[PDB]
Enquirer: 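One structure is given below, represented as structure tokens, and several questions about it will come after.
Sequential numbering from 1 along the given sequence is applied to the chain's residues.
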Amino acid sequence: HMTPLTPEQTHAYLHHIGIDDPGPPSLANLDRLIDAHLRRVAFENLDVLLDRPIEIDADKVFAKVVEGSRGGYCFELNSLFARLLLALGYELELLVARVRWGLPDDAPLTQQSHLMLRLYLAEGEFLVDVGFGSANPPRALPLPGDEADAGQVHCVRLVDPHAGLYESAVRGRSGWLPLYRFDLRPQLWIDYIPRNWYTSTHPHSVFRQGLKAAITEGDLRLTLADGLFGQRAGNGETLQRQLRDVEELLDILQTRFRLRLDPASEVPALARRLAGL
């Protein structure tokens, strides 16, 4: 069940991401939480690479992220963030999407396989995502946005009114490039159990095939794709560098991505696993 965090949990989470007083529900306050979360809590699949189970129950993700100083992927980060938002008094529904990022509109259908959130504020409805990784938006997106506003590079658009089909997209030269497409059917939390099981254990899951990590630092979105370290200014000049050795990779994970890795029970096994990347 999707129930809010406890007060003690709320406090600790807020402190972890560097917000002292979150203020009452509003778009400005929501954006502050989102921005702080993207800078503190990395998107990462390290546990999947260690063949550790990804558990999505509240207390388990809480302990991993807040108490353990680790990140996770969409079913971990967006569910835990949803529970914080519920505890802060926001009103939301869970949504699910089919991921299209980096695919031509020709490519076949993809699985419903990303969790994101629909927020109902007095001032309008917003799509909220802190768990999409490299291409994650830096703020809450009005649902839908305004395609005529050039400031809105990320934009939610109704693409098939008949089918109630929306996309979260980014402004391209050749048109809008979808991150993912979805309809507005609210989701029950238990229906993400098979979705999470699939991404964490299915041998064809992209999360089992290499390292993927992302975090916001300064003006930049930092990413790792296996040993390739990227820094994207967000309008999209990106500098990239192949990391030289596992030692460099491990140092960057612990510094730039802010991950706490146990020197005995994690780092040695990770050094071996990452060496092939």
Enquirer: Roughly how far, to the nearest 0.5 Å, is the CG atom of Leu115 from the CG atom of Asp191?
Expert: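 So the gap between those two atoms works out to 12.0 Å.
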
Enquirer: Between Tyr73 and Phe207 (judged by ring centroids, cut-off 6.0 Å), do the two rings come close enough to count as a pair?
Expert: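 Yes - the distance between ring centres of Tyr73 and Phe207 falls below the 6.0 Å cut-off.
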
Enquirer: So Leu243 and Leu224, do their side chains get closer than 4.5 Å, heavy atoms only?
Expert: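 Contact flag for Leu224/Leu243 side chains = yes.
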
Enquirer: May I ask you to decide whether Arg241 forms a salt bridge with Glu248, counting only side-chain N to carboxylate O separations under 4.0 Å?
Expert: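 Salt bridge flag = yes for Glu248 with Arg241.
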
Enquirer: Does the side chain of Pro144 come within less than 4.5 Å of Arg157's, by heavy atoms?
Expert: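 Side-chain contact under 4.5 Å: no.
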
Enquirer: Run the numbers on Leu119 and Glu91 for side chain to side chain contact (heavy atoms under 4.5 Å, CB included), then give the verdict.
Expert: CA-CA 6 Å; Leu119 268 283; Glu91 306 187 320; over 6 Å; no

Enquirer: Please report the closest heavy-atom contact between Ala271 and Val246, naming both atoms and the distance.
Expert: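 Shortest heavy-atom separation between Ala271 and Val246 comes out as O-CG1, 3.6 Å.
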
Enquirer: If you look at every heavy atom in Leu158 and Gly164, which pair is closest and at what distance?
Expert: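 That would be CD1-C, 4.2 Å.
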
Enquirer: With a 4.5 Å heavy-atom cut-off, do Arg181 and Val159 have their side chains touching?
Expert: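 The answer is yes; the side chains approach within 4.5 Å.
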
Enquirer: Looking at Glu217 and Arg39, is there a salt bridge between them, counting it only when a charged N and a carboxylate O are closer than 4.0 Å?
Expert: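 Here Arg39 does not pair with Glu217 in a salt bridge, since their nearest N and O are not under 4.0 Å apart.
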
Enquirer: Could you walk me through whether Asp59 and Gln9 pass side-chain hydrogen bond (donor to acceptor under 3.5 Å, both in side chains), step by step?
Expert: CA-CA 9 Å; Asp59 291 2; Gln9 282 176 334; 3.0 Å; yes

Enquirer: With heavy-atom distances below 4.5 Å as the criterion, would you say the side chains of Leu117 and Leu95 are in contact?
Expert: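 SC-SC contact between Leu117 and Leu95 ruled out.
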
Enquirer: Can you tell me if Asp226 uses its side chain to pair, donor with acceptor, with the backbone of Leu211 under 3.5 Å?
Expert: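 Yes; at least one donor-acceptor contact below 3.5 Å.
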
Enquirer: Backbone N or O of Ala163 within a donor-acceptor pair of the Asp183 side chain at under 3.5 Å?
Expert: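 Flag not set: sc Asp183 to bb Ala163 has no pair under 3.5 Å.
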
Enquirer: Got a second to check how far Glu76's CD is from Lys60's NZ, nearest 0.5 Å?
Expert: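 Rounded to the nearest 0.5 Å, the CD-NZ separation comes out at 12.5 Å.
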
Enquirer: Can you confirm whether more than 12 heavy atoms, excluding those of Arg52, are under 6.0 Å from its CZ atom?
Expert: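 Enclosed.
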
Enquirer: Could you check whether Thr6 and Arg83, counting side-chain N and O atoms only, form a donor-acceptor pair closer than 3.5 Å?
Expert: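 Their side chains do not contain a donor-acceptor pair, so the 3.5 Å distance test is not met.
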
Enquirer: Side chain to side chain contact (heavy atoms under 4.5 Å, CB included) for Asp47 and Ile54? Distances and angles first, verdict last.
Expert: CA-CA 7 Å; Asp47 279 2; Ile54 307 293; 3.9 Å; yes

Enquirer: Parallel, tilted or perpendicular: which one describes the rings of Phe81 and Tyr13, with boundaries at 30° and 60°?
Expert: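 Ring orientation, 0 to 90° scale: perpendicular.
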
Enquirer: Heavy atoms only: give me the nearest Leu184-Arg118 pair and the separation to one decimal.
Expert: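 What the structure gives for the nearest pair is CB-NH1, 3.7 Å.
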
Enquirer: Do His202 and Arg208 meet the criterion of a side-chain donor-acceptor pair at a distance under 3.5 Å?
Expert: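 The criterion, which ignores hydrogens and geometry beyond distance, is not satisfied for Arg208 and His202.
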
Enquirer: Can you see which heavy atom on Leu259 is nearest to which on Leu46, and at what distance?
Expert: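 Of all heavy-atom pairs spanning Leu259 and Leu46, the closest is CD1-CD1, 3.5 Å.
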
Enquirer: Should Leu127 and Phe182 count as side-chain neighbours, where that means a heavy-atom distance under 4.5 Å?
Expert: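 Side-chain contact under 4.5 Å: yes.
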
Enquirer: Is it true that, when you exclude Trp101 itself, more than 12 heavy atoms of the residues, nucleotides or ligands shown sit nearer than 6.0 Å to its CH2?
Expert: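 Atom CH2 in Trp101 is packed in, count exceeds 12.
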
Enquirer: Indicate whether the side chain of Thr216 and that of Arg221 have a donor and an acceptor atom separated by less than 3.5 Å.
Expert: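 Note: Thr216 and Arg221 side chains meet the donor-acceptor criterion.
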
Enquirer: Tell me, yes or no, whether the heavy-atom count around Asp149 atom CG, taken from other residues, nucleotides or ligands under 6.0 Å, exceeds 12.
Expert: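 Yes - once you tally the heavy atoms of other residues, nucleotides and ligands closer than 6.0 Å, there are more than 12.
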
Enquirer: Could you give the distance from CG (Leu86) to CG (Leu92), rounded to the nearest 0.5 Å?
Expert: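 One gets 4.0 Å once the value is rounded to the nearest 0.5 Å.
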
Enquirer: Is the shortest side-chain heavy-atom distance between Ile215 and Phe43 below 4.5 Å?
Expert: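 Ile215 vs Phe43: side chains apart.
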
Enquirer: Flag the pair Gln111 / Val99 as yes when at least one side-chain heavy-atom distance between them is below 4.5 Å, and no otherwise.
Expert: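 SC-SC contact between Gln111 and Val99 ruled out.
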
Enquirer: Go through the steps to decide whether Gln231 and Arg256 satisfy the test side chain to side chain contact (heavy atoms under 4.5 Å, CB included), and finish with yes or no.
Expert: CA-CA 11 Å; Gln231 313 179 43; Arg256 306 300 292 275; 3.9 Å; yes

Enquirer: Is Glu266 paired with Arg70 through a side-chain N to carboxylate O contact shorter than 4.0 Å?
Expert: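 Yes, this pair counts.
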
Enquirer: Kindly check if the number of other-residue, nucleotide or ligand heavy atoms within 6.0 Å of CD (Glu123) is above 12?
Expert: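 Enclosed: over 12 neighbouring heavy atoms sit under 6.0 Å from CD of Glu123.
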
Enquirer: Look only at the side chain of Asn29 and the backbone of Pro24, and say whether a donor-acceptor pair between them is shorter than 3.5 Å.
Expert: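 Judged by distance alone, yes, a pair lies under 3.5 Å.
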
Enquirer: Any side-chain donor paired with an acceptor under 3.5 Å for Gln187 and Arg195?
Expert: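 A donor-acceptor contact under 3.5 Å links the two side chains.
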
Enquirer: Is there a donor in the side chain of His114 and an acceptor in the side chain of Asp129, or the other way round, less than 3.5 Å apart?
Expert: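 Looking only at side-chain atoms, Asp129 and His114 do form a donor-acceptor pair, the distance falling under 3.5 Å.
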
Enquirer: Does the pair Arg100/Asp105 count as a salt bridge with the N-to-O cut at 4.0 Å?
Expert: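 Salt bridge absent between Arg100 and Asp105.
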
Enquirer: Quick check: do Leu253 and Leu249 have side-chain heavy atoms less than 4.5 Å from each other?
Expert: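 A side-chain contact under 4.5 Å exists here.
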
Enquirer: Does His16 have its ring centroid less than 6.0 Å away from the ring centroid of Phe62?
Expert: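 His16 vs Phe62: aromatic centres not under 6.0 Å.
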
